[PDB]
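Coming up is one lone chain in structure tokens, specifically the form deposited in one PDB entry.
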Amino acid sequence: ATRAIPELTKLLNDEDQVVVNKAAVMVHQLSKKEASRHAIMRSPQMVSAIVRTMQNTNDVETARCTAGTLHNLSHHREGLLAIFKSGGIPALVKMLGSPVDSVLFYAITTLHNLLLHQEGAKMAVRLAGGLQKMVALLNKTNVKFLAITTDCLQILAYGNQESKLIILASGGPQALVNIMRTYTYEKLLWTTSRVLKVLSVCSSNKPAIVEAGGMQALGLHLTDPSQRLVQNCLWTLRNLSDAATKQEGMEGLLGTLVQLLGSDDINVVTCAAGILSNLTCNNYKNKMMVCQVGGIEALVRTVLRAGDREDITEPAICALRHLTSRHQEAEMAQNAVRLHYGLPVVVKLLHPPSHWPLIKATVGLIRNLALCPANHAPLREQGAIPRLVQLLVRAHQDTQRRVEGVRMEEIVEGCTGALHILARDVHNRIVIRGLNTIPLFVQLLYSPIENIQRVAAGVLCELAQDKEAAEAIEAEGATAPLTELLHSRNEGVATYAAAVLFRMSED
């Protein structure tokens, strides 16, 4: 037991074929006895012999035993301290190039244990080039092994942009995604999805992950019984989804997201809405699919259930906004919001306690709902016009006398845009006129921002079809600024300005 020890060292530190080798197959034996190991690591000359012969050997039984020895040692916070003080990490790492399974296995786990409990280990693995070696090991097939490898990477990448970028350069994205769409073993899916989550916040990793088919691979696991796996997939998907606009094969993912809106889980709902919102920005096929599986229905139920939780309603309202314009079934989707009792909650969201990003999104949504003639009347009846006008008036004031991520100039355009559309209905024009908005619309012709000139001239154009309003618009002195705008680089502005002008001088 306790006494006869550094005999076995000398032999390992020897420079001969069988001599050091068969001497290895002994400390291995001795390391296996938990109280005999708890004493073996005390001699740094003994510790270091193990390391050396490991880095420089040729024997499959030799390596196995030296690794295993270190494996077995890495269980005591004294073993760890010893392996560290000795310099195991560069050798262990160097061992990640070996072709003998059981050696890889011992190396990875030892590094894993060091990475978990040993002060200073993360730095030394990076310095040894361990990230690159670990990425290259991702093509293996034993799941316990990949679990441990991906966890090493997670531990190294977390909070370390340098490590994230090296992972990128070694082809991590592709290799981690292949894992997500190949295996079923929860523990490994979960840790891989955590590496991907850590990489998904990096501006360079994100497109690389999206190009490897990340969105679809993460999509595959959204119905797993494991809640931690689903949630991690949801967060990664969300971080990535602004970069995923050009991706195809999105049908299954899109369908599951809609279902997930039904969920009792708040973070589930919040992510599915935020993902659907992003994946539906600009890409009209995505609009099509989400409408096809009942997305309008689901998004409305979600807005109704969220009440005043803006982490939910804001992205759900943004999604609804995307789904209600510029695609083959926009029109059906504009109707459907009304048919599922959406109109009263949408107008409500214009009122406190709603914060600006929500209000902007909601005004945008109302703009689009108004393109549908059968929404004219209920939007009016629900109170949309007076609030829109108040939001317009207040925001124009804030513009003149000089917020929370949104510029009042966008509220001005959004509200004037919505009123432009609402103004196609004759009763709406009466309400808009009664609110004495004409002076404000005329002032908005002088805006520096073209998009504001456009909606202002557009809405005046709608008002000017009624004789009384045409008279009013003239009495505001609209002729002069409309006259300069006939020459706008923006053809939207020029065209409306001539329609208003034409309706005024019919006298």
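In this text, residue numbers run from 1 along the sequence as written.
The following text describes the form deposited with a partner chain bound, which does not appear among the structures shown.
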- Task: Consider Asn113 of the chain shown here, and say whether it contacts the partner chain in the deposited bound form, taking contact as heavy atoms within 4.5 Å.
- Result: yes
Taking heavy atoms only, is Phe84 within 4.5 angstroms of the partner chain in the deposited bound form? no
Is the gap between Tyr341 and the partner chain in the deposited bound form 4.5 Å or less for some heavy atom pair? no
Are any of the heavy atoms in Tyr183 no more than 4.5 Å from a heavy atom of the partner chain in the deposited bound form? no
TL;DR on 89 to 97, 143 to 151, 215 to 223, 294 to 302: the one with heavy atoms within 4.5 Å of the partner chain in the deposited bound form is 143 to 151
Checking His351, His427, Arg394, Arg228 against the partner chain in the deposited bound form, the residue with a non-hydrogen atom inside 4.5 angstroms turns out to be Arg228
Heavy atom within 4.5 Å of the partner chain in the deposited bound form, from candidates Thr109, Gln382, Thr256, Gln132, belongs to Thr109
